[PDB]
Amino acid sequence: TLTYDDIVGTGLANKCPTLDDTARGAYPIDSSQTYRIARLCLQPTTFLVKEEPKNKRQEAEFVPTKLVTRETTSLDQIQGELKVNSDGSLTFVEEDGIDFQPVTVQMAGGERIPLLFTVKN
Amino acid sequence: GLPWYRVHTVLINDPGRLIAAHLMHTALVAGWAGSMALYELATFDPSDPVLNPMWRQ
Ligand code: CLA
Ligand code: CLA
Ligand code: CLA
Ligand code: CLA
Ligand code: CLA
Ligand SMILES: CC1=C(/C=C/C(C)=C/C=C/C(C)=C/C=C/C=C(C)/C=C/C=C(C)/C=C/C2=C(C)CCCC2(C)C)C(C)(C)CCC1
Ligand SMILES: CCCCCCCCCCCCO[C@@H]1O[C@H](CO)[C@@H](O[C@H]2O[C@H](CO)[C@@H](O)[C@H](O)[C@H]2O)[C@H](O)[C@H]1O
Ligand SMILES: CCCCCCCS[C@@H]1O[C@H](CO)[C@@H](O)[C@H](O)[C@H]1O
């Protein structure tokens, strides 16, 4: 149970909460009840960028990149509806949250790739 | 005096200054190597070793 002063400056604020190795159970879904996601968090650990080949007929690969905008990359405090559909499937509809981050990663050789990392709507 | 094409003969009986001149030549050569590598790095395109390798550039 950490406070802001435990956390500030550590880099922990850009990390999503974790669950133990013990959490492998099952969360029962009652078709009659209404559900929501109260908190969705997404913590990016790797940014890959598809190379742009010259002959345009070669298979393009996704290559690793170096993050240059520091621990400012995670999506969090996202909430939304969790619908129970006819076929028993669930559908999350995002309604609000910090659901975007500008991110700049750098390719080998120095080319910088800014992106709006996001799950908006 | 010494003709222009003999100015360096003053080194023949001066081991110390000969070593200095050689040090200066070596400095110049090493400096050339450094400079050349920097220029090549500033102009080299690494994106295609297949159809645009170093020897094409
Ligand atoms: C490895 C290079 C090198 C070394 C170690 C020496 C060493 C020596 N020179 Mg020699 N010399 C050199 C090259 C060299 N020289 C060249 C290329 C020339 C023709 C210009 C000469 C013409 C020369 C004369 C007339 C004399 C010497 C003399 C001497 C002795 C005294 C120092 C001196 O006055 O030099 C002076 C030399 C220079 C100032 C070289 C000029 C530099 C050139 C023009 C390039 C310019 C440098 C710049 C950073 C590059 C420009 C790039 C461009 C794109 C603009 C000493 C043993 C003297 C001596 O003892 O005689 C008894 C003397 O009278 N040298
Ligand atoms: C290891 C290489 C080497 C060394 C240390 C020497 C050293 C010497 N040479 Mg010898 N020589 C060499 C190779 C060498 N030479 C080669 C390859 C040739 C054929 C080109 C000669 C032909 C030659 C002649 C005909 C004479 C000498 C003479 C001399 C003596 C006086 C040099 C002087 O004051 O020049 C002063 C030079 C200048 C002030 C300017 C010269 C500018 C040149 C022509 C153009 C610019 C060169 C450029 C900067 C160099 C780039 C680097 C190179 C690797 C391409 C000195 C002992 C003289 C001698 O014996 O006196 C008693 C003499 O008369 N040399
Ligand atoms: C004692 C053992 C010894 C060693 C290890 C050397 C080594 C060398 N001598 Mg030789 N030399 C010696 C004895 C020795 N010498 C003796 C007894 C004489 C009669 C006095 C000479 C007369 C002589 C002449 C006239 C010349 C040499 C030159 C050279 C150098 C040519 C290669 C070069 O410049 O690489 C490039 C250099 C490097 C890659 C880095 C070297 C790092 C240095 C050595 C560290 C500094 C240590 C120390 C404080 C400096 C002086 C040490 C001294 C033993 C050389 C090389 C460093 C030539 C030279 O100096 O040209 C530039 C040269 O013109 N020597
Ligand atoms: C094995 C490699 C090697 C050898 C043996 C030499 C030998 C020599 N270099 Mg060095 N040099 C080298 C590699 C080498 N170099 C490299 C890789 C570089 C980096 C580019 C240099 C950069 C360099 C500089 C800046 C200078 C030398 C000079 C010298 C000469 C000093 C002794 C002298 O007084 O000659 C007297 C001169 C001669 C015997 C005439 C040499 C004529 C050459 C072989 C051809 C010149 C072509 C043409 C006439 C002029 C060039 C075109 C012009 C438009 C630029 C000697 C001939 C110095 C020099 O020439 O002093 C005057 C000098 O300033 N060198
Ligand atoms: C201090 C140590 C050191 C090291 C580890 C390096 C390393 C390097 N140098 Mg640099 N360099 C140095 C000092 C050094 N250098 C010094 C002091 C100078 C000024 C002279 C230079 C000037 C220089 C130039 C101009 C260049 C390099 C280049 C390079 C790269 C290519 C090496 C190569 O292909 O050479 C090949 C070496 C040989 C073929 C050696 C030939 C030896 C002859 C045959 C010996 C003959 C005499 C001997 C006594 C015979 C008897 C031997 C006995 C055992 C029988 C490599 C990264 C190259 C590069 O990539 O630049 C970016 C390049 O162009 N260097
Ligand atoms: C001081 C010091 C320093 C620095 C140094 C430096 C920075 C150097 C530089 C150097 C350099 C930067 C050098 C360069 C050089 C160059 C050269 C030496 C060149 C030459 C050339 C030639 C010789 C050519 C010729 C020709 C022509 C022109 C045309 C064609 C033909 C031929 C090729 C012949 C340091 C900090 C480290 C530390 C210690 C102190
Ligand atoms: C002790 C002395 C040290 C001196 C340092 C000198 C080092 C010089 C060589 C190092 C390599 C420099 O490499 C340098 O890279 C970039 C990208 O390729 C190039 O930069 C060029 O491309 C980039 C990206 O497309 C553009 O944003 C830039 O406007 C353009 O000028 C330079 O033209 C090149 O020179
Ligand atoms: C003495 C060397 C000091 C200069 C080093 C410059 C950085 S290194 C430089 O970086 C660029 C951008 O990433 C690349 O495009 C280029 O290939 C690379 O050589």
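Read the figures in this text as sums done on the coordinates, not as results from a lab. Here the Cβ positions follow ideal geometry from the backbone for every residue, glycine too, while neighbour counts run over all protein chains shown.
Overview of values
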quantity: Kirkwood Rh (inverse of mean 1/r, distinct Cα pairs), the protein assembly as shown, angstrom; calculated: 23.7
quantity: Taking chain A and dividing mean pair separation by its residue count, relative contact order in percent (alpha carbons under 8 Å, at least six apart); calculated: 22
quantity: Values of log10 I(q)/I(0), in the order q = 0.18, 0.25 Å⁻¹, for chain B under a Debye, Cα-only, solvent-free model; calculated: -0.73, -0.98
quantity: Order of B:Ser47, A:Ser74 - criterion: other Cβ atoms within 10 Å of each residue's Cβ, fewest first; calculated: B:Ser47, A:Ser74
quantity: Sites A:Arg39 and A:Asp6, calculated FRET efficiency, Cβ-Cβ separation with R0 30 Å, nearest 0.05; calculated: 0.95
quantity: Note, ³J(HN,Hα) from phi for segment A:9-26, Karplus 6.51, -1.76, 1.60, rounded to Hz, x at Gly and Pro; calculated: x, 7, x, 5, 5, 8, 9, 7, x, 10, 10, 5, 5, 7, 7, 10, x, 9
